[PDB]
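Below is one structure; the comments refer to it alone.
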Amino acid sequence: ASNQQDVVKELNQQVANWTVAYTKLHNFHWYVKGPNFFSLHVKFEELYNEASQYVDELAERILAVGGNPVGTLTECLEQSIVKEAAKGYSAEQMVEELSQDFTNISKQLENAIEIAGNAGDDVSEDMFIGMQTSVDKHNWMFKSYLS
Amino acid sequence: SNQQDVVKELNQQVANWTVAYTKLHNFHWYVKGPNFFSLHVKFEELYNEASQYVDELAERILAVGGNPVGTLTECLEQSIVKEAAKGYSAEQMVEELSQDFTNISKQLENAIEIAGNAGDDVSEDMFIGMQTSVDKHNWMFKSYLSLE
Amino acid sequence: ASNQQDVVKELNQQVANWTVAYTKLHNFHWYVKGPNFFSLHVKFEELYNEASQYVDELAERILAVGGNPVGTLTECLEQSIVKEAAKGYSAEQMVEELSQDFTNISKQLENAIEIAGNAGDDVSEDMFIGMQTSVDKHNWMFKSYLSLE
Amino acid sequence: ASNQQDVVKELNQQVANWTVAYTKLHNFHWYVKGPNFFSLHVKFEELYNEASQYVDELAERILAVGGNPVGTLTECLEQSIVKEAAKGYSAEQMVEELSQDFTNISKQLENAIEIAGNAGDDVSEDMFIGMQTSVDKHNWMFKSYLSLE
Amino acid sequence: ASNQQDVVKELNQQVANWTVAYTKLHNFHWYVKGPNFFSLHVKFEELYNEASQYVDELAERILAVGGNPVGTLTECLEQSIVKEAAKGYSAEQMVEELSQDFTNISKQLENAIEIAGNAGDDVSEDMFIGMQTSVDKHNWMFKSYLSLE
Amino acid sequence: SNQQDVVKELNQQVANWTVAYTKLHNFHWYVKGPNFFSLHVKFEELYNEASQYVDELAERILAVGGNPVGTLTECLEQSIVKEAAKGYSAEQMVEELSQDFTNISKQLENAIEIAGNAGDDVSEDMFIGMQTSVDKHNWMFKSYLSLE
Amino acid sequence: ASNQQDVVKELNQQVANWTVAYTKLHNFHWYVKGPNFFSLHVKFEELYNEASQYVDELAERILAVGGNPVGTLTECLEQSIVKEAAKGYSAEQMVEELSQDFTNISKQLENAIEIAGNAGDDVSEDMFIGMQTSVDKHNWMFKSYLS
Amino acid sequence: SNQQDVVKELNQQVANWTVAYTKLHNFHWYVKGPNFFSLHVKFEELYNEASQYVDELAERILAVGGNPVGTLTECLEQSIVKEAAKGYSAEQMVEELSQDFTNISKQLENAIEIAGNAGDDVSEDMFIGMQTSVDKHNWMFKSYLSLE
Amino acid sequence: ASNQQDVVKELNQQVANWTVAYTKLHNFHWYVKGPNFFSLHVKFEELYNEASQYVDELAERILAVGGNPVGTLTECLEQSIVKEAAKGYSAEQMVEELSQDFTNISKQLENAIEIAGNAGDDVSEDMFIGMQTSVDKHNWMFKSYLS
Amino acid sequence: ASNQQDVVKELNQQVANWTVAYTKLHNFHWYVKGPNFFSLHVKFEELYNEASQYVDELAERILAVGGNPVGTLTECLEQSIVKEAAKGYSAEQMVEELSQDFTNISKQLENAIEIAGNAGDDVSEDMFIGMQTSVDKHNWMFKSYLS
Amino acid sequence: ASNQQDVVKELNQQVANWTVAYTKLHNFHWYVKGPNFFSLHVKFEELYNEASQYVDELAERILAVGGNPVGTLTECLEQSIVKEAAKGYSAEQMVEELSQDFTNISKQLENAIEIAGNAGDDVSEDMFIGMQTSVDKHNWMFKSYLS
Amino acid sequence: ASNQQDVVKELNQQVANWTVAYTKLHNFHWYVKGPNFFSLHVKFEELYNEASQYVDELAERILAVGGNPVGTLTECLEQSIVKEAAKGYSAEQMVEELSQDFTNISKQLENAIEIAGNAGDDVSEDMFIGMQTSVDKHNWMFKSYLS
């Protein structure tokens, strides 16, 4: 079975993931090179803007259920399954890594949705579903770019 | 649970928010103190949100062939939200809204279960959307009330 | 010689009328049926949105003159000359009733305007005038919609 | 135990339904006649604009789960439960048919929602819910427009 | 072989028609009655706003070719093929008359277009085309509204 | 004064502004001189304002059960505003508009008194609103005309 | 009885009042301190923006009736019943003073409305009524803040 | 040429663009490669433009007393635009759209002549407007396809 | 008779005219003096903004028919019938010259429209008609300003 | 006597100048007459709105550096090099006076910029530069209007 | 060791400071409590949005001068003089800490401005000035809030 | 020979550069081809719109300091270090040339900034800084596009 604290853990996992992703997306936004610079430069910004929205939405949901949203970078770095950007990525490698991150995040969300549903936290469940919706959509786009 | 059970839950909220709509106007008008400007506006944002819920849930009832409660007398009879009493401080207004939102969120948890079991996933989704906002506002109310 | 208190009474009478009308308009907005559904469904919403504006305007004026705006539905139902919706109304019957309500309100406003002016409350007087302007305009539209042929 | 493939089938069923409906709504938008012309002419456009949004949303979800969205009109006509417009429909008959279509679609969506949930595709499930919400709402309006008196 | 002067005559004919129509549309906008009041009340306003745009466009074109735009109501009433509103028109009769006016104007425009082109005034020709486009479109809507059943 | 007396005053303005609407178009088209750009636009702003008055006052007449003048022939018969003559300088156009606005403002002062005495406070308010704009524009016209 | 010149005097009294109030509101906007700084800082700006609108509206009405709007600070300082801001006001004292100013102005307006009406200047009368409407509304808010 | 000949030309385009509307959705969904983001959006802009043409030309047919093709079966029977096949590269999608636009522009040149000769200057103007956009887009397609 | 290349020549003639006019309008926008400075200063900007739109519209039409739009100032200066601005123009002289330029351009457009129509290039024909529409309208305004 | 205090002095000089100018511009806005009425009437309003922006910006900067922004009309009239409007100007005289005021202000700003830079108050220096940019631009327009 | 490299160092110091501040401001935005909740909750969001703008602006300037913008949270935490949020602050303590951070940042900016100017990097200098302008303005507000 | 006249020289150099660039950017906007057509086609338009803004801003500043802004294409071609477009470039070559132009312009601006500052023309200096900021930013993007 699952309880409210289990959902808070799932919520914080995402706050952590997207806080790290927010910076990695800035890194990619700044360092991307090649013929597709203009498209990707903007696409990465659209993505980190969406990431910041998710961070705030999930963090305030944690507050709404009486929990503590991870509020330090040190904590986010410890929990996040999204790793910081290495050095020297080509445009292709950046999209490939983001695609893997989104694949991993979507998988975590499938589990988070089940946990929330079983805990009776339908609000958090709905938030995870909305996030998975956009994550899966963007991932399809990444894979198409890479095809 | 069946469709009529869900209609009962939908009307329960139409009633709650119709009463809350006027109570929020009351608080909007009578609020006093150094936080007057912030709360005067906050209460208006809340009653605008309340009117949206009333129309949304009422039209969902219509969409499933039911009759939305359309008189104040009926809303007063079904609402778990009380009308404003006489004389409140800003602190007391936010405390009461917190009580109301806590009560409504609890009622919604059950409504969600009933809608889901009846196969009314649309109404279920509407209740979830409402509970989302209700819980968010409640956190804000409790934060405002915290002793500094 | 009317006084401020007399004006507050007139202001609350309208707060009550429009609070009741606000919900009656939702009722008509939801229950209207027939070939004119789309137009009326929308028109009734425009009307209750306008009703809410009146309720707030007049209530805050009462506050501006040191009075107490009626803050409960129970009190509104007691003072309102606008009665709650009954069951089984056709679109035509809904418009007919709103027209009668608007005719009644406009008449009350004529008296309220006189009272406010006599009391020297020119601000409340102006608010009643603004309301009567819209009420009469809408009533002409209702009567036109209801005209035979 | 439904699987992803079963959900894609449900998603394409709707892509097909709404692609056909998109054109049927243009037909009604163009051929509607009578005293309610102005309201219906516009309402039908709002409906096909909404239909186009559904087609794209569901098609891109199918892509997001690795499937193939039906990309031809021929295929859509084959799967769609929504049939093309016939000749000589009055405004009332148009609304009656759309109501029947919406009733049929809502029923299909109830099943699609169950399939998606059982398969663990909560995103597609949510999309079907959103669609059913609007379909049911519009249907209530159609039925109200069609009500006698 | 038409000349610029012939085109100015065609331009003023329309300035006159639409100036008269501008007021006739206000009349219909004010006097329309019946269950279609809300839709028609608005439609007639959209039409006179469009009429005002035509009057200014064509008048300033006449200026652009060195001519004199008819600048008085008396002159407009003299040239206009659009007659002023009579009393006691039902909504249906109003739409019927506007349809006849639009049919008459479209026919005049067909000739005006030919005259402009023959005179080498391709700008005025284009303006007449734009006007005929809208006139014909509106006329189809009027005729659809008027269709029986 | 009674309601019909007020309707007469309302129609008087519907007539005035319907004629002024076309005269302003005339001035809008025929204005010439170094101030062409400013006046060409100013006259358009004025006729747009004129159309608003016509519709507002006409619908007030409808709201009191009267018949708004709906033909140009009738407007020409009741208007105290003359149609544009042939040949004006920019200075002459503004001078005539000033004359018209002065005349209308005077007519409105009486209309306001009539409406008030008849108990038609709504029409009175509409006349006041119009007089407000009319007087403001007239000051601007006179300023433009002042010798530098 | 009252005449047009009497109304012009009433109009100029307000142009003067609000010209001085415009600056006092800036002073309060700049010097307000305390926990309510953010709300009051903005509220005072909204008020001086409204004040500037009144100054222009009433001044141009004076022009419309053939009068001369007070156009110098020296003149406004001589006529205004609104006094310039002292030094060291607390947030509470600022609202208290504005409330007194609005009370005084509303009282002047009641008289100005009567004067204008008796002079047959219904346009100016209407302008005074519109001003009194907002002045009374804001005063209610000030008193509520102070309650 | 007569009015019915023009209606035939108008319906030919309603058919073409109704099929193109769905093919553009197809390309919008299936496009892949490093230019995915630019083309994904470009194709959407194109189908939105396509829907505008369909409604415009269909209502022109109505305006001349004709019957606009209102079923997919009829559009497929009259369209010179083929439905998307299975499997395209980004380059192949743009190449096919270029072929379609070249074909449509040629068809429009004739439609324009027919409309003009029939005295249907309104339909002629609509065809010209469409050809304007079609030719502009085609230049862009060819530019995208140029070997670097 | 006329062919597609003849139309391209007409299109380039206008691209050239308006490219030169764009700069002359800036010159007038900057150097205009006198009591009407504010009106003309803005009017000239509105005109060069419209000029830039025409340049792009006609140039891309040339591309659409397979031609080469004049893309250098040297070429535009060689083809343009609009001459660069002299020195010391009064406001009146500026409007007078623009009026003459518009008269000349409208005359060229009448011929360009005939050429395009005879070549079967109805799209280009329509573009010339739209340009002549605005050119004639603006010229009427110039003449009225000068009357 | 400190450098920063000298900068505050320069900031207050401008708060004073523009507070007085704010009212003088209303005066000109109301009393301007002649064939250029419509243009100047609006131009003067655009100028006082701009002036109000300066007063607030500079006043709050003074606050940002721990100083006291002049918050009374009495004080402003004492420090301002901009004098109140005299009686009955012609439109030409109004523009001539504003041009002289702008010339005087720009000269003061040149000094203020050097004082701010010398004191290391680069923020205030930047604000003075921004003001001088607009002042000089408007002055060029005034001179052009005056021929 | 070059002057331009010293400027990049100054630019990265700020990218680091604001990246950390971005998250600390989210923390305060989420955890703030008390009667001033509504005002501070929004104020802190306005501040982190502003912070995100700085990070991108400065990061891309570093790129414009051929440098490497710090693109990892790990790096930012090392260089930032802004420390992560501690446990359970009162609203007053949150504002007090931000005020100290802003005071520290403004002091760093004063130096960065001189370094940039000395290196002839006037673009970076201007960016630092822009940042200092807002930082100082916000700090004045924080201090006013704290009395 | 005066310092201010040297600044006018620097201002005109840029008015000339950007007037020529305005047309070269239209050329590239029209003739660009290849898979990056859509991105570059729009990017080049954004650049010429920006260029038009510079020409007007700098031209009117020259006017603000009593100078004569170059108002003829003939003059611009003579002073501009930006050369007109050659025949048939590849997309890559277009970006390479713009990058070199931007590098050359930025270098000129560095000098112009020092000249303006030395002459005490801080307004012109600020304008040059603003231009250099955008030029350098665009150049970083061009270089990134080129790998």
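Following the order of the structure tokens, chains are lettered A, B, ..., residues in each are numbered from 1, and ligands are numbered from 1.
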
Nearby residues (only C-alpha atoms) at most 6 Å from region 97-99 of chain F, same-chain spacing under 3 positions excluded, as number ranges by chain: F: 94, 102, 138

Residue 105 (chain C) environment, 12 Å, only C-alpha atoms, sequence neighbours closer than 3 positions dropped, as a VMD selection string: chain C and resid 10 13 to 18 21 80 to 83 98 to 102 108 to 113 128 to 129 131 to 136 138 to 139

Keeping only N, CA and C atoms, write those residues as a CSV table (one decimal), in the first residue's frame.
```csv
chain,number,residue,atom,x,y,z
C,10,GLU,N,-32.3,52.0,0.8
C,10,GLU,CA,-32.5,51.9,-0.6
C,10,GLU,C,-31.3,51.1,-1.3
C,13,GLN,N,-31.7,47.4,-0.4
C,13,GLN,CA,-32.8,46.8,-1.1
C,13,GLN,C,-32.3,46.3,-2.5
C,14,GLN,N,-31.4,47.1,-3.1
C,14,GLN,CA,-30.9,46.6,-4.4
C,14,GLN,C,-29.8,45.5,-4.2
C,15,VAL,N,-29.0,45.6,-3.1
C,15,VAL,CA,-28.0,44.5,-2.9
C,15,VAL,C,-28.8,43.2,-2.8
C,16,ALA,N,-29.9,43.3,-2.1
C,16,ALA,CA,-30.8,42.1,-1.9
C,16,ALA,C,-31.4,41.6,-3.2
C,17,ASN,N,-32.0,42.6,-4.0
C,17,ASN,CA,-32.6,42.3,-5.3
C,17,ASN,C,-31.6,41.6,-6.2
C,18,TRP,N,-30.4,42.2,-6.4
C,18,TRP,CA,-29.5,41.6,-7.3
C,18,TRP,C,-28.7,40.4,-6.8
C,21,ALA,N,-31.3,37.9,-7.8
C,21,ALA,CA,-31.3,37.8,-9.3
C,21,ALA,C,-30.1,37.1,-9.8
C,80,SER,N,-35.5,41.3,-0.8
C,80,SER,CA,-35.6,41.3,-2.3
C,80,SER,C,-37.1,41.3,-2.8
C,81,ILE,N,-37.3,42.1,-3.8
C,81,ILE,CA,-38.6,42.1,-4.5
C,81,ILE,C,-38.5,41.1,-5.7
C,82,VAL,N,-37.3,40.7,-5.9
C,82,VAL,CA,-37.1,39.7,-7.0
C,82,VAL,C,-37.2,38.3,-6.3
C,83,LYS,N,-38.1,37.5,-6.8
C,83,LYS,CA,-38.4,36.2,-6.2
C,83,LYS,C,-37.6,35.1,-6.9
C,98,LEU,N,-38.1,38.1,-16.2
C,98,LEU,CA,-37.0,39.0,-16.0
C,98,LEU,C,-37.5,40.4,-16.4
C,99,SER,N,-38.3,40.5,-17.4
C,99,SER,CA,-38.8,41.8,-17.8
C,99,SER,C,-39.6,42.4,-16.7
C,100,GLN,N,-40.5,41.6,-16.1
C,100,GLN,CA,-41.3,42.1,-15.0
C,100,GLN,C,-40.4,42.5,-13.8
C,101,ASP,N,-39.4,41.7,-13.5
C,101,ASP,CA,-38.4,42.1,-12.5
C,101,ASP,C,-37.8,43.4,-12.8
C,102,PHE,N,-37.3,43.6,-14.0
C,102,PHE,CA,-36.6,44.8,-14.4
C,102,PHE,C,-37.6,46.0,-14.3
C,108,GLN,N,-38.5,51.0,-8.5
C,108,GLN,CA,-37.9,51.2,-7.2
C,108,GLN,C,-36.8,52.2,-7.3
C,109,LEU,N,-36.0,52.1,-8.3
C,109,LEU,CA,-34.9,52.9,-8.5
C,109,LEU,C,-35.3,54.4,-8.7
C,110,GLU,N,-36.4,54.6,-9.3
C,110,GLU,CA,-36.9,56.0,-9.5
C,110,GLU,C,-37.1,56.6,-8.2
C,111,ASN,N,-37.7,55.9,-7.2
C,111,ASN,CA,-37.9,56.4,-5.9
C,111,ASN,C,-36.6,56.5,-5.1
C,112,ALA,N,-35.7,55.5,-5.3
C,112,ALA,CA,-34.4,55.6,-4.6
C,112,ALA,C,-33.6,56.8,-5.1
C,113,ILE,N,-33.7,57.1,-6.3
C,113,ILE,CA,-32.9,58.3,-6.9
C,113,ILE,C,-33.4,59.6,-6.2
C,128,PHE,N,-27.5,54.8,-8.5
C,128,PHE,CA,-28.9,54.3,-8.9
C,128,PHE,C,-29.2,54.6,-10.3
C,129,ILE,N,-28.8,55.8,-10.7
C,129,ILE,CA,-29.0,56.3,-12.1
C,129,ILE,C,-28.3,55.3,-13.1
C,131,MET,N,-27.5,52.3,-12.7
C,131,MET,CA,-28.2,51.0,-12.7
C,131,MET,C,-29.5,51.0,-13.4
C,132,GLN,N,-30.3,52.1,-13.2
C,132,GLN,CA,-31.5,52.3,-13.9
C,132,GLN,C,-31.3,52.3,-15.4
C,133,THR,N,-30.2,53.0,-15.8
C,133,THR,CA,-29.9,53.1,-17.2
C,133,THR,C,-29.8,51.7,-17.9
C,134,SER,N,-29.0,50.8,-17.3
C,134,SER,CA,-28.8,49.5,-17.8
C,134,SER,C,-30.1,48.6,-17.7
C,135,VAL,N,-30.8,48.7,-16.5
C,135,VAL,CA,-32.0,48.0,-16.3
C,135,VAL,C,-33.0,48.3,-17.4
C,136,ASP,N,-33.2,49.6,-17.7
C,136,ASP,CA,-34.2,50.0,-18.7
C,136,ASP,C,-33.8,49.6,-20.1
C,138,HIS,N,-31.9,46.9,-20.9
C,138,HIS,CA,-32.1,45.5,-21.0
C,138,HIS,C,-33.6,45.2,-21.1
C,139,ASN,N,-34.4,45.9,-20.4
C,139,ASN,CA,-35.8,45.7,-20.4
C,139,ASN,C,-36.4,45.9,-21.8
```

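One finds CA of residue 4 (chain B) at 28.5 Å from CA of residue 74 (chain C).
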
Need the shell around region 67-75 of chain A: protein/DNA/RNA residues with any atom at most 12 Å away, counting only C-alpha atoms. Skip same-chain ones fewer than 5 positions apart. Format as a PyMOL selection string? (chain A and resi 4-23+55-62+80+84) or (chain B and resi 139) or (chain K and resi 19-31+72-78+83-88)

CA of residue 27 (chain F) to CA of residue 81 (chain F): how many Å, to one decimal? 14.0 Å

Can you move chain G onto chain L by a least-squares fit over all C-alpha atoms paired in order, then give me the moved copy as a compact mmCIF listing (two decimals) with C-alpha atoms, in the first residue's frame?
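Contents of the output file result-v5.txt:
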```
# COMPACT_ATOMS: atom_id res chain seq x y z
CA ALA G 1 41.80 64.36 -27.33
CA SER G 2 38.36 64.11 -28.96
CA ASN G 3 35.60 66.63 -29.66
CA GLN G 4 31.91 66.64 -30.59
CA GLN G 5 32.63 66.59 -34.33
CA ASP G 6 34.79 63.49 -33.84
CA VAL G 7 31.81 61.80 -32.22
CA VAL G 8 29.52 62.86 -35.06
CA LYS G 9 31.97 61.21 -37.46
CA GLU G 10 31.78 57.99 -35.41
CA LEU G 11 27.98 58.21 -35.32
CA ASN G 12 27.77 58.68 -39.10
CA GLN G 13 30.17 55.78 -39.64
CA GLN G 14 27.58 53.55 -37.96
CA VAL G 15 24.58 55.10 -39.72
CA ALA G 16 26.44 54.29 -42.95
CA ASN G 17 27.41 50.77 -41.84
CA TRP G 18 23.90 49.80 -40.84
CA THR G 19 22.22 51.43 -43.82
CA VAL G 20 24.31 49.19 -46.09
CA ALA G 21 23.89 46.22 -43.73
CA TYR G 22 20.12 46.74 -43.84
CA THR G 23 20.11 45.95 -47.55
CA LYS G 24 22.69 43.16 -47.33
CA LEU G 25 20.54 41.52 -44.65
CA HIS G 26 17.54 41.73 -47.00
CA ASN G 27 19.66 40.14 -49.75
CA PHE G 28 20.65 37.28 -47.43
CA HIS G 29 17.05 37.03 -46.20
CA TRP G 30 15.94 36.56 -49.82
CA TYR G 31 18.74 34.41 -51.22
CA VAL G 32 19.53 32.01 -48.37
CA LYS G 33 19.17 28.33 -49.37
CA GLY G 34 19.45 24.94 -47.70
CA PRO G 35 17.96 22.92 -44.76
CA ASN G 36 18.24 25.94 -42.47
CA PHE G 37 16.27 28.25 -44.75
CA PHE G 38 13.40 28.79 -42.33
CA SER G 39 15.54 29.70 -39.32
CA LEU G 40 17.94 31.97 -41.20
CA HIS G 41 15.20 33.56 -43.33
CA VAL G 42 13.59 34.84 -40.14
CA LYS G 43 16.84 35.54 -38.28
CA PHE G 44 18.05 37.86 -41.05
CA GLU G 45 14.78 39.80 -40.90
CA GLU G 46 15.09 40.23 -37.13
CA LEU G 47 18.58 41.58 -37.77
CA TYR G 48 17.62 44.14 -40.40
CA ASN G 49 14.72 45.29 -38.23
CA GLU G 50 17.24 45.91 -35.46
CA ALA G 51 19.55 47.59 -37.97
CA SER G 52 16.85 50.09 -38.96
CA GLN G 53 16.33 50.95 -35.29
CA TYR G 54 20.03 51.69 -34.88
CA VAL G 55 20.09 53.85 -37.99
CA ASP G 56 17.26 56.02 -36.67
CA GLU G 57 18.61 56.16 -33.11
CA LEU G 58 22.13 57.24 -34.07
CA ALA G 59 20.93 59.60 -36.80
CA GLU G 60 18.65 61.46 -34.39
CA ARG G 61 21.46 61.65 -31.84
CA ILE G 62 23.55 63.39 -34.51
CA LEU G 63 20.66 65.84 -34.93
CA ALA G 64 20.53 66.30 -31.15
CA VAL G 65 24.17 67.45 -31.10
CA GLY G 66 23.74 69.76 -34.08
CA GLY G 67 25.20 67.58 -36.80
CA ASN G 68 24.04 66.25 -40.18
CA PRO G 69 23.18 62.51 -40.39
CA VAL G 70 24.23 60.90 -43.68
CA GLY G 71 20.97 60.85 -45.62
CA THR G 72 21.81 59.40 -49.04
CA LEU G 73 22.81 55.92 -50.16
CA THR G 74 25.72 57.35 -52.13
CA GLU G 75 27.20 58.78 -48.94
CA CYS G 76 26.56 55.61 -46.93
CA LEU G 77 28.29 53.52 -49.61
CA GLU G 78 31.35 55.78 -49.39
CA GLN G 79 31.71 55.58 -45.60
CA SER G 80 30.49 52.08 -44.71
CA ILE G 81 32.99 49.36 -43.80
CA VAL G 82 30.18 46.89 -44.49
CA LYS G 83 30.30 45.95 -48.18
CA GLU G 84 27.36 44.99 -50.36
CA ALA G 85 26.62 41.31 -50.87
CA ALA G 86 28.37 39.41 -53.64
CA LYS G 87 26.59 36.72 -55.65
CA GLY G 88 26.11 33.02 -54.92
CA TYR G 89 26.59 32.90 -51.14
CA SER G 90 25.80 29.64 -49.36
CA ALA G 91 24.04 29.87 -45.98
CA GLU G 92 27.38 29.21 -44.30
CA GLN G 93 29.14 31.94 -46.27
CA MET G 94 26.41 34.44 -45.37
CA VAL G 95 26.77 33.81 -41.64
CA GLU G 96 30.56 33.82 -41.98
CA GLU G 97 30.46 37.24 -43.66
CA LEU G 98 27.99 38.68 -41.18
CA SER G 99 30.25 37.41 -38.41
CA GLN G 100 33.23 39.21 -39.94
CA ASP G 101 31.15 42.38 -40.35
CA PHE G 102 30.06 42.23 -36.72
CA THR G 103 33.64 41.64 -35.62
CA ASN G 104 34.75 44.70 -37.60
CA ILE G 105 31.86 46.81 -36.31
CA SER G 106 32.49 45.80 -32.70
CA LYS G 107 36.11 46.89 -33.11
CA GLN G 108 35.05 50.27 -34.52
CA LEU G 109 32.62 50.64 -31.62
CA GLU G 110 35.32 50.02 -29.01
CA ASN G 111 37.15 53.02 -30.49
CA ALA G 112 33.95 55.06 -30.89
CA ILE G 113 33.13 54.50 -27.22
CA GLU G 114 36.55 55.81 -26.17
CA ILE G 115 36.22 58.83 -28.48
CA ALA G 116 32.75 59.71 -27.18
CA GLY G 117 33.83 59.30 -23.57
CA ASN G 118 36.86 61.53 -24.08
CA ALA G 119 34.70 64.15 -25.81
CA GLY G 120 32.31 64.19 -22.86
CA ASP G 121 29.49 62.94 -25.08
CA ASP G 122 28.19 60.37 -22.63
CA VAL G 123 24.86 60.01 -24.42
CA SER G 124 26.50 58.96 -27.70
CA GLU G 125 28.91 56.78 -25.72
CA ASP G 126 25.95 54.99 -24.14
CA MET G 127 24.36 54.46 -27.55
CA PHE G 128 27.57 52.90 -28.89
CA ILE G 129 27.71 50.62 -25.83
CA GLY G 130 24.14 49.46 -26.38
CA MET G 131 24.92 48.71 -30.02
CA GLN G 132 28.14 46.85 -29.18
CA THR G 133 26.16 44.80 -26.65
CA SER G 134 23.79 43.45 -29.30
CA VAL G 135 26.49 43.20 -31.97
CA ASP G 136 28.69 41.06 -29.71
CA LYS G 137 25.72 38.92 -28.65
CA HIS G 138 24.68 38.24 -32.25
CA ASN G 139 28.28 37.53 -33.25
CA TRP G 140 28.55 34.87 -30.54
CA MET G 141 25.43 33.28 -32.03
CA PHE G 142 26.88 33.41 -35.57
CA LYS G 143 30.10 31.75 -34.42
CA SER G 144 28.12 29.08 -32.59
CA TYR G 145 26.08 28.41 -35.72
CA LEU G 146 29.38 28.05 -37.60
CA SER G 147 31.16 25.96 -34.96
```

Just asking: which residues within region 22-137 of chain I are helix (DSSP H, G or I) according to DSSP, as a count of residues only? 90

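With only C-alpha atoms taken into account, chain H has residues 18, 19, 22, 23, 25, 26, 27, 29, 30, 55, 58, 59, 62, 67, 68, 69, 70, 71, 72, 73, 76, 83, 84, 85 and 86 of chain H at most 9 Å from chain D.
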
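As for CA of residue 90 (chain B) and CA of residue 31 (chain B), they are spaced 5.5 Å apart.
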
Residue hits in chain H, query chain A, radius 9 Å, only C-alpha atoms, as a PDB file with C-alpha atoms, in the first residue's frame:
```pdb
ATOM      1  CA  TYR H  30       5.614  12.103 -39.065  1.00  0.00           C
ATOM      2  CA  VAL H  31       8.392  14.578 -39.859  1.00  0.00           C
ATOM      3  CA  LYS H  32      11.792  13.551 -38.483  1.00  0.00           C
ATOM      4  CA  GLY H  33      15.382  14.729 -38.606  1.00  0.00           C
ATOM      5  CA  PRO H  34      17.424  17.740 -37.390  1.00  0.00           C
ATOM      6  CA  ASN H  35      14.883  20.142 -38.914  1.00  0.00           C
ATOM      7  CA  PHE H  36      12.021  18.586 -36.947  1.00  0.00           C
ATOM      8  CA  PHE H  37      11.222  21.661 -34.880  1.00  0.00           C
ATOM      9  CA  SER H  38      11.103  24.106 -37.797  1.00  0.00           C
TER      10      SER H  38
END
```
